[PDB]
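Taking it in order: structure first as structure tokens, then the write-up.
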Amino acid sequence: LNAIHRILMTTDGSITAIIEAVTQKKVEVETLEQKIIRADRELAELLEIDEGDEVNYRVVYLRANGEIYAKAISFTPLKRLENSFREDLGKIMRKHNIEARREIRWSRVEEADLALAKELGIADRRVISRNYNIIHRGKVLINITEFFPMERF
Amino acid sequence: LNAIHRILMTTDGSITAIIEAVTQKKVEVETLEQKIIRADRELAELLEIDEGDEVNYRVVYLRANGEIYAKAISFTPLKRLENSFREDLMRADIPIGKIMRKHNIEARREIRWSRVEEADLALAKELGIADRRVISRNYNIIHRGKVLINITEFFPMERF
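Residue numbers (PDB author numbering), protein chains in the order written: chain B, 1 to 89, 97 to 160; chain A, 1 to 160.
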């Protein structure tokens with residue numbers, strides 16, 4: 001673990017700002033899936049909503065230079081969206104002046120299922136992964152899981 | 001400019017966490033001073049409060065080893081605080097970040113400057129630095145649409 005790796009392991013700051021500072025390039029987001037799904041029991045618990053509530057499920061790459069620096073999976077309860085914010089669905100957040108806090112649930116170094124390894128196009132299969140909530144008006148607004156290919160940082 | 005300097009320039013995460021990661025040492029926060037001041041015109045404007053309103057003024061060091069990795073200067077209008085938040089601030093030894101976590105403060109940030117300078121002789125002596133370049137930043141923490149805290153931070157580039 002180098003110094004960037006260790007900052008990634010512990011930070012509660014924007015991961016896009018870190019990527020932009022490291023690469024000195026703007027992050028480009030590619031959406032790989034976006035679906036409305038119904039929350040099961042465990043997802044309902046995580047998002048503090050009722051089982052069967054609608055949740056926006058999104059999978060993305062964050063690119064910088066032209067390489068993938070993160071893969072990110074998010075769950076956003078629709079019940080929780082202001083009507084403007086809903087039609088739009097971090098860029099949505101600075102744009103709407105959203106006040107929130109971040110709750111880092113876990114972070115870890117791991118391999119890196121062979122699927123993910125091939126997807127990201129990495130030789131060294133070590134990734135940092137983390138999970139956090141974005142808390143707005145005292146409730147989970149978004150739960151985010153992120154994967155950082157270590158050899159890229 | 002290295003990657004860590006550039007991270008420091010833009011980050012909205014805990015500077016305490018970043019220093020502990022870079023050094024792999026625990027940081028100790030020293031509150032050098034905490035005072036009550038009355039806002040003059042420029043402060044009242046910075047904080048959008050009334051001239052004469054009471055402001056908590058706090059100067060802090062982040063040390064890792066025995067070396068200063070950051071100096072932070074904060075202004076916090078006392079009227080903008082709930083009772084228990086205010087008392088925690090008055091306790092003086094509880095870092096601002098911890099106070100906000102403890103009270104579940106939701107916020108956003110507005111950066112006012114983030115730049116490389118250009119440290120005068122006194123700040124250089126104060127930090128104990130040969131190369132005088134520092135990252136200087138200033139931002140407001142906005143809560144409930146108002147300025148909760150204005151924070152200035154100096155990081156000696158030498159230590160990173």
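Cβ coordinates follow ideal geometry from the N, Cα and C atoms, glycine included.
At a cut of 8 Å, does the region 30-47 of chain A reach the region 118-127 of chain A through at least three beta carbon pairs? No, they do not touch.
Could you run through the region 21-37 of chain B and flag, in chain order, every residue whose CB is less than 8 Å away from some CB of chain A? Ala21, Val22 and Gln24: these are the residues of the region 21-37 of chain B whose beta carbon lies less than 8 Å from some beta carbon of chain A, given in chain order.
Would you say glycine 66 of chain B faces chain A, with C-beta separation under 9 Å as the test? Chain A, which has no Cβ nearer than 9 Å to the Cβ of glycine 66 of chain B, makes this no.
Under 9 Å by beta carbon: chain A residues contacting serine 14 of chain B: Those are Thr10, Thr11, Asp12 and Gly13, listed as they occur along chain A.
List the residues that DSSP assigns as beta-bridge partners of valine 22 of chain A. Its beta-bridge partners do not exist; DSSP assigns none.
Whether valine 29 of chain A touches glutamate 20 of chain A by CB criterion (9 Å): Cβ atoms of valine 29 of chain A and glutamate 20 of chain A: not closer than 9 Å.
Have a look at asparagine 150 of chain B and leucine 47 of chain B and give me their C-alpha separation to the nearest angstrom. Here the alpha carbons of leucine 47 of chain B and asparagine 150 of chain B stand approximately 7 Å from one another.
Could you check the C-alpha separation between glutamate 153 of chain B and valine 147 of chain A for me, to the nearest Å? Cα to Cα, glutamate 153 of chain B sits roughly 31 Å from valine 147 of chain A.
What did DSSP end up calling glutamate 106 of chain B once you bin it into helix, strand or coil? If DSSP states are grouped into helix, strand and coil, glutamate 106 of chain B belongs with coil.
Closest Cα partner of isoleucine 73 of chain A within the set A:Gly145, A:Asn140, A:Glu54 and A:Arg41: Checking every option, the nearest Cα to that of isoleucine 73 of chain A belongs to A:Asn140.
Using 8 Å as the Cβ pair cut-off and three pairs as the minimum, do the region 105-118 of chain B and the region 5-19 of chain B touch? Verdict: yes, contact present.
Closest by C-alpha distance to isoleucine 49 of chain A, when choosing among A:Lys79, A:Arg63 and A:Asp88: The residue with the shortest Cα to Cα distance from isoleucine 49 of chain A is A:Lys79.
At the level of alpha carbons, what is the spacing between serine 84 of chain B and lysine 71 of chain B? In a straight line, the C-alpha of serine 84 of chain B is about 26 Å away from that of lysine 71 of chain B.
With the cut-off set at 9 Å, would you say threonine 31 of chain B and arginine 58 of chain B are in Cβ contact? In contact: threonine 31 of chain B and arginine 58 of chain B (Cβ atoms closer than 9 Å).
Looking at the secondary structure, which residues open and close the alpha helix (DSSP H) in which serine 84 of chain B lies? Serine 84 of chain B -> alpha helix (DSSP H) spans 83-88.
Given a cut-off of 9 Å, decide if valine 55 of chain A and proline 77 of chain A are closer than it, judged by their beta-carbon atoms. A contact, by the Cβ cut-off of 9 Å.
Strand pairing of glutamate 30 of chain B, partner residues [DSSP]: In the DSSP output, where bridge partners are listed per residue, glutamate 30 of chain B has B:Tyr61.
Min CB distance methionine 157 of chain A to chain B below 9 Å: No, because no Cβ of chain B sits closer than 9 Å to the Cβ of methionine 157 of chain A.
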